[PDB]
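Working notes, structure below.
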Amino acid sequence: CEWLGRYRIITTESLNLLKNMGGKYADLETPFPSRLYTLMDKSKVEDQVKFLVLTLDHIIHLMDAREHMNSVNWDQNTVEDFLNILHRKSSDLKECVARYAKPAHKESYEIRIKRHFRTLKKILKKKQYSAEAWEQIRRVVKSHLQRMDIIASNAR
Ligand code: NI
């Protein structure tokens, strides 16, 4: 997959937007599927890329929530840029994924990663999309971006 090239660039720029859209990061006090990422770290390349597309798309979907962000002072244009940077890389990777054999059973990584993002959305709702609920989500997304970059490195 050609599109795993220069991925560090996506990582750097996206983490930059994530950092600049708001205040300093909150402490990580929310669940994160490190278990899953460990598994992905040593999975085959086809699975790694499929996993990157799945996760990118989940992050885009989570963050595309201007209608629920009154409680944060984040710069919305920076949010939009964040969405866009990740959507473009994701759309490139989807090209490689189209080439892969679409397998026997739903992969456990797709199930688990969805399950995690579900949890995050649930948390935001329970907390009525408060500033600290959003700041947890933001801190969590930082962690995904850091681990995704490792997977991309190892994948290439
Ligand atoms: Ni989603």
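Cβ atoms come from the backbone with ideal geometry, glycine included; neighbour counts cover every protein chain shown. Rule-based calculations on the coordinates, nothing more; no lab input.
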Mind checking which of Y109, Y25, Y100 has the largest fluctuation in a GNM of the chain, springs on alpha carbons under 10 Å?
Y100
For the pair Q128/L15, report the inter-label distance in nm, with labels modelled 7 Å from Cα in the Cβ direction.
3.6 nm
For the charge dipole of the stretch 1-138, defined by +1 on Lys and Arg C-beta atoms and -1 on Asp and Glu C-beta atoms about the Cα centroid, which residue among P103, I10, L93 has the Cα displaced farthest towards the positive pole?
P103
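Cross-link list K121/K142; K106/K126; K24/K125; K19/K121; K42/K94; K50/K126: which exceed 26 angstrom alpha carbon to alpha carbon? Each step should come with its number before you reach the end.
On the way: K121/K142 16 Å; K106/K126 29 Å; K24/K125 23 Å; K19/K121 21 Å; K42/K94 21 Å; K50/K126 30 Å.
Long pairs (Cα-Cα over 26 Å): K106/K126; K50/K126.
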Residue separation between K42 and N154 times 0.36 nm, minus their alpha-carbon distance, gives in nm 39.5 nm
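Using alpha-carbon pairs under 8 Å, 6+ residues apart, how would you state the relative contact order of the stretch 27-126 in percent?
42 percent
At a Förster radius of 30 Å, what calculated FRET efficiency corresponds to the Cβ-Cβ distance of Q76 and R8, to the nearest 0.05? Could the numbers behind the result be given before it?
Working: r = 27 Å, r/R0 = 0.89.
That gives a FRET efficiency of 0.65.
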Separation of alpha-carbon centers, the stretch 92-156 and the stretch 4-59, rounded to whole Å:
7 Å
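Kindly put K126, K142, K102 in sequence by how many other C-beta atoms sit within 10 Å of each C-beta, fewest to most.
Details: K126 10, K142 18, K102 7.
Least to most surrounded, the residues fall as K102, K126, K142.
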Using the basic label-point model (7 angstrom from Cα toward the beta carbon), what is the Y100 to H68 distance in nanometres?
2.7 nm
Ellipticity estimate at 222 nm from DSSP helix runs (n ≥ 4, -39,500 (n - 2.57)) divided over the chain, nearest 500
-23500 deg cm²/dmol
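Please identify the helices of the chain, taking whole runs of DSSP H, that span at least 30 Å along their own axis as judged from the Cα atoms and have a mean Kyte-Doolittle score of -1.0 or higher. It would help to have the intermediate numbers written out before the result.
Details: long enough: 76-99 (35 Å, -0.64); 131-155 (35 Å, -0.37).
Flagged H segments are 76-99, 131-155.
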Rounded to the nearest 20 Debye, what is the dipole magnitude of the chain about its Cα centre when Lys and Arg each give +1 and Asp and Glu each give -1 at the C-beta?
540 debye
